[PDB]
């Protein structure tokens with residue numbers, strides 16, 4: 001905290017274009033009236049494993065969309081878009097929730 005270099009304002013929560021079984025296609029946009037530097041980056045976070053420890057980074061690129069991978073069938077997960085700059089990062093966005101499709105798989109074996 002404390003005075004320092006400000007980053008990108010609060011971005012819009014990540015949407016869910018298509019919800020797969022072992023993948024999740026989220027969609028986020030840039031904040032209003034950007035500070036500077038064309039094309040912003042956003043880190044997709046997710047919390048659903050640790051015992052109230054903290055969110056972990058999943059994606060780290062300069063795209064306003066990503067295809068999550070390594071998931072579980074018929075499962076719920078949290079996700080929050082985090083906009084950051086090569087200089088630093090800002091506060092996370094609203095925590096959204098999504099579900100996946102069924103699978104069943106073989107199970108037995």
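In the entry's author numbering, the protein residues as written are 1 to 109. Just so it is clear, CB atoms sit at the ideal spot from N, CA and C, and this is done for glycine as well.
Suppose contacts are defined by Cβ-Cβ distances below 8 Å. Is residue i in contact with residue j by that definition?
| i | j | result |
| --- | --- | --- |
| residue 42 | residue 81 | yes |
| residue 69 | residue 23 | yes |
| residue 32 | residue 9 | yes |
| residue 78 | residue 47 | yes |
Considering only residues of the same chain and omitting the five flanking positions on each side of residue i, which have a CB-CB separation below 8 Å?
| i | result |
| --- | --- |
| residue 64 | 27, 28, 29, 30, 42 |
| residue 87 | 5, 7 |
Residue i: buried (16+ other C-beta within 10 angstroms of its C-beta) or exposed?
| i | result |
| --- | --- |
| residue 45 | buried |
| residue 102 | exposed |
| residue 106 | exposed |
Within its chain, find whatever has a CB closer than 6 Å to the CB of residue i; leave out the 5 residues flanking it on each side and keep chain order.
| i | result |
| --- | --- |
| residue 92 | 80, 82 |
| residue 39 | 62 |
| residue 15 | 27 |
Can you check which of these residues, the options, is closest to residue i by C-alpha distance?
| i | options | result |
| --- | --- | --- |
| residue 21 | 6, 50, 56, 74 | 74 |
| residue 85 | 19, 13, 34 | 34 |
| residue 25 | 72, 49, 67 | 67 |
Could you check if residue i belongs to the surroundings of the ligand GDP, using beta carbon to heavy atom distance under 7 Å?
| i | result |
| --- | --- |
| residue 30 | The model depicted lacks the ligand GDP and carries no ligand whatsoever. |
For this session: Flag this pair as touching only if the region 98 to 108 and the region 48 to 64 have three or more C-beta atom pairs under 8 Å; answer yes or no.
Result: no
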